Amino acid sequence: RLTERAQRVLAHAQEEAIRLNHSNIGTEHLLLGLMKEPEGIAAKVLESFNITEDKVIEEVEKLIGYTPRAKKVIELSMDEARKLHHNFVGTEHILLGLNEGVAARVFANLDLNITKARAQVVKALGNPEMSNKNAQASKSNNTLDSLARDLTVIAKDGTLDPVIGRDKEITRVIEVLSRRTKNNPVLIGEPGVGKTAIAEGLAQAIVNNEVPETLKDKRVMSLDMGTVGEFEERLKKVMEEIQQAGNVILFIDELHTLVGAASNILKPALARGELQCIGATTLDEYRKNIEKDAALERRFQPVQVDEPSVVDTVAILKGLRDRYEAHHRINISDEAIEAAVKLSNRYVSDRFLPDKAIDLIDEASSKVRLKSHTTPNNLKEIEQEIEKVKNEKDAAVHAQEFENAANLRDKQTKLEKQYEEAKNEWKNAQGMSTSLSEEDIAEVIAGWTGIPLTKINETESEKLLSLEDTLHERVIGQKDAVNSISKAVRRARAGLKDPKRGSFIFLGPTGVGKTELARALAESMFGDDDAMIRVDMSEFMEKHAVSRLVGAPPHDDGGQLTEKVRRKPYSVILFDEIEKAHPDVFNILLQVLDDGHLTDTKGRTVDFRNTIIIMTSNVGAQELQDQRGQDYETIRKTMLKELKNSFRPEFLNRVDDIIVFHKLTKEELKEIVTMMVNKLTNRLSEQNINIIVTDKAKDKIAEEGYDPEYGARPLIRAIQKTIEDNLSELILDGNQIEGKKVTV
């Protein structure tokens with residue numbers, strides 16, 4: 005039938021009949037629709053000559069204080095289709111149909130059909146705009164108080180200060196009011212980290228008035244969420267007032283309203307279908323609270339960026355790099371910014387990097403600022419010079435010294451003699468200036484984590500360089516397999532695997550570097566081995582696939602490890618004896634191997650690629666006859691086949707690498723025992739005691755305990771069994787201690 009040009013406002017002038025509830029649908033539905041709001045859309049050009057638009061609004065709005083007269087206005091409006099050389103009829107020739118639509122009284126809003134309206138048709142384009150670019154009928158074309168306090172005017176002071184970077188984000192925010200659905204995005208995750216300062220980005224657009232054509236009217240107010255007998259009847263009061271005033275928005279500041287003094299206070303007024311504002315909730319509180327309603331989970335749009343990304347933080351950081359510089363009184367060599375984002379990026383597994391890196395602006399800036407806080411030892415030596423006798427200088431006044439005389443003015447002259455030097459070298463020595472990286476990185480995370488080693492130094496031009504080397508220092512051997520890994524998930528790093536996507542097999546007996554270099558492995562990785570978690574795949578069989586996958594058909598025995606790592610922000614996993622099982626289970630252990638995570642039943646989808654899992658085998662004592679010195683390719687290919695006997699390439703094509711044991715010898719026995727000596731060097735020679743290494747006893751007992759069954763691990767205890775008891779010898783000595791050395 006009709007078009008988009010202001011039949012828009014006749015469909016919603018039929019909503020103006022629903023708005024204004026009148027038994028004659030009046031021209032003030034056409035015009036109090038056509039004037040959508042009391043804003044100056046006065047932009048109708050006829051407030052020049054005779055009749056004010058706002059005067060029409062007031063007097064016809066007192067007349068209320080298609081109605082076939084105005085259904086003939088539909089006709090006379092369609093009569094204007096050929097009168098002014100058009101295709102179609104536009105937006106204000108409704109009013110050029112509005116003979117009847119006048120407030121014709123003593124103050125008549127009688128409407129000029131010609132008078133200077135023809136000069137106003139020399140004004141309006143007319144025959145250029147027939148219709149339809151999509152439809153080109155746009156805008157200017159041819162208690163009310165501290166209960167809702169704001170920051171909008173406070174930003175419009177300029178006192179609130181510009182954060183930067185969220186152009187697309189605040190753009191999204193603009194798009195949310197373009198919904199017909201969900202007028203807030205509940206920013207989830209870590210809100211208010213700067214996401215409150217994203218709202219400062221929004222009021223920042225208000226003070227800019229980059230805030231558009233339309234949205235300059237309504238404004239952000241800050242809610243008062245505090246306590247009073256009843257708290258809430260006042261709030262129900264102020265609801266109808268400012269909601270009736272209706273030219274603002276507010277926040278839920280922190281909490282969705284689930285309280286006792296009540297929860298459903300004006301949550302029914304929300305449920306009245308009204309009231310565009312902003313809520314507040316997090317990731318799992320979207321998942322709890324907002325989803326706990328599932329009408330909250332209906333009504334708002336969940337959006338976040340986190341406690342955020344990289345160059346976002348570079349943006350807002352180098353933008354606020356003047357503001358918080360007016361706080362912390364230092365300013366930046368931006369390599370500190372680089373290394374800061376870089377390192378707390380590498381670190382913080384449970385909290386997030388960047389508002390914690392704003393907190394690094396706090397810690398590091400507070401650190402240089404605390405070589406920069408209080409009165410400035412040699413200036414304090416000058417203060418000792420200020421600090422010999424005023425605090426006892428004087429009393430010769432009290433009685434008859436002929437002596438007041440001397441020592442009085444001796445120390446008058448003598449101090450003031452020795453004084454203004456303090457001013458001179460003090461104002462000189464009141466340090467260097469900008470916030471350098473090196474030590475306001477190194478010193479400060481040394482104030483947090485430490486050692487400018489694995490905990491700080493760690494540029495991976497260092498450890499990726501000496502990587503294979505470094506772990507090969509720990510448990511020697513398998514260096515082929517070592518940089519088969521260090522190579523292998525070297526190219527997990529530099530992004531060349533999937534960002535959510539690694540498994541490594543053992544070939545030997547336990548604790549030969551299985552326990553010990555799976556140990557020393559993760560202890561090299563992030564400096565600490567504690568991440569790594571065990572199930573044998575002799576253990577995960579059928580209903581440890583139940584206690585691996587939660592029940593309801595067969596209990597909450599699901600996950601021997603699930604709820605732990607579910608709570609954890611970081612872990613590493615090692616599993617054992619894989620083709621001790623059959624090709625059937627390798628699909629559920631392959632379900633561990635999936636997803637860029639695992640799907641068990643309990644809690645959360647996250648990354649894989651930050652750390653590693655590891656596999657282990659021991660069965661191939663048969664192919665040790667192959668070792669009894680055939681190659682990597684021979685025996686790895688042999689138990690790559692014998693591997694593949696039970697295995698699945700879905701499952702195996704989630705495993706990275708076959709990892710050998712170069713079974714070990716008595717020599718590697720001797721040398722990991724030599725590492726055990728270097729342990730006691732590393733711990734108990736910290737009393738810095740010298741060491742007799744008697745190779746009689748060493749190769750004696752080493753010769754003894756080279757276990758065919760157990761390998762090396764238990765013997766280590768069986769070393770110390772005597773040996774550290776031998777230390778007790780030494781402990782009960784206190785004599786062959788630091789600097790000296792005995793054994794047999």
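Under the entry's author numbering, residues 5 to 69, 80 to 112, 116 to 159, 162 to 247, 255 to 287, 296 to 464, 466 to 536, 539 to 587, 592 to 669, 679 to 794 are what the sequence shown spells out, in order. Ideal Cβ positions, reconstructed from N, Cα and C, are used throughout, including at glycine.
In or out: residue i buried (at least 16 other Cβ within 10 Å) or exposed?
i: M467; result: exposed
i: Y320; result: buried
i: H361; result: exposed
i: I486; result: exposed
i: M92; result: exposed
i: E718; result: buried
i: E106; result: buried
i: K771; result: exposed
i: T315; result: buried
i: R238; result: buried
i: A216; result: buried
Could you tell me the boundaries of the beta strand (DSSP E) in which residue i lies?
i: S241; result: 240-242
i: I416; result: Taken as a continuous stretch (DSSP letters only), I416 belongs to no beta strand (DSSP E), being part of the alpha helix (DSSP H) at 412-419.
i: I570; result: 569-573
Which two residues bound the contiguous alpha helix (DSSP H) that contains residue i?
i: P336; result: Looking at the DSSP string, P336 is not in any alpha helix (DSSP H); the run it does join, the beta strand (DSSP E), is 335-337.
i: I739; result: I739 -> no alpha helix (DSSP H), and no H or E assigned at all.
i: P764; result: 763-783
i: residue 797; result: The displayed coordinates of the chain run from 5 to 794. Any statement about residue 797 would go beyond what the structure contains.
i: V348; result: 344-353
i: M726; result: 716-733
i: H16; result: 12-24
i: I225; result: 215-227
i: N379; result: 369-381
i: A557; result: 551-562
Give me the Cα-Cα distance between residue i and residue j, rounded to the nearest whole angstrom.
i: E620; j: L690; result: 12 angstroms
i: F386; j: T484; result: 16 angstroms
i: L554; j: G789; result: 32 angstroms
i: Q446; j: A430; result: 13 angstroms
i: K187; j: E194; result: 10 angstroms
i: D279; j: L351; result: 24 angstroms
i: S501; j: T652; result: 19 angstroms
i: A593; j: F627; result: 23 angstroms
i: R9; j: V60; result: 22 angstroms
i: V247; j: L261; result: 11 angstroms
i: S27; j: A305; result: 28 angstroms
i: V587; j: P546; result: 32 angstroms
i: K175; j: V344; result: 29 angstroms
i: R571; j: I520; result: 20 angstroms
i: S52; j: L112; result: 18 angstroms
i: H507; j: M569; result: 19 angstroms
i: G661; j: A373; result: 47 angstroms
i: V517; j: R767; result: 27 angstroms
i: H16; j: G37; result: 7 angstroms
What is the DSSP secondary structure of residue i, reduced to helix, strand or coil?
i: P302; result: helix
i: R168; result: strand
i: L690; result: helix
i: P204; result: strand
i: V60; result: helix
i: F701; result: helix
i: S470; result: strand
i: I312; result: strand
i: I193; result: helix
i: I68; result: coil
i: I655; result: strand
i: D749; result: helix
i: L284; result: coil
i: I480; result: helix
i: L544; result: strand
i: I324; result: helix
i: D186; result: helix
i: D356; result: coil
i: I55; result: coil
i: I88; result: helix
Any beta carbon of chain D sitting closer than 9 angstroms to that of residue i?
i: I709; result: Checking the listed chains, one finds no chain D in this structure; it contains a single protein chain.
**Report entry** Runs of alpha helix (DSSP H) lying entirely within the region 428-459, each at least 4 residues, in chain order
**Finding:** 439-451
Query raised in the report: Along the chain, which unbroken stretches of the beta strand (DSSP E) at least 3 residues long are found entirely within the region 506-532?
Result: none
Query raised in the report: Unbroken alpha helix (DSSP H) runs of length 4 or more, entirely within the region 598-653: which are they?
Result: 603-608, 630-633
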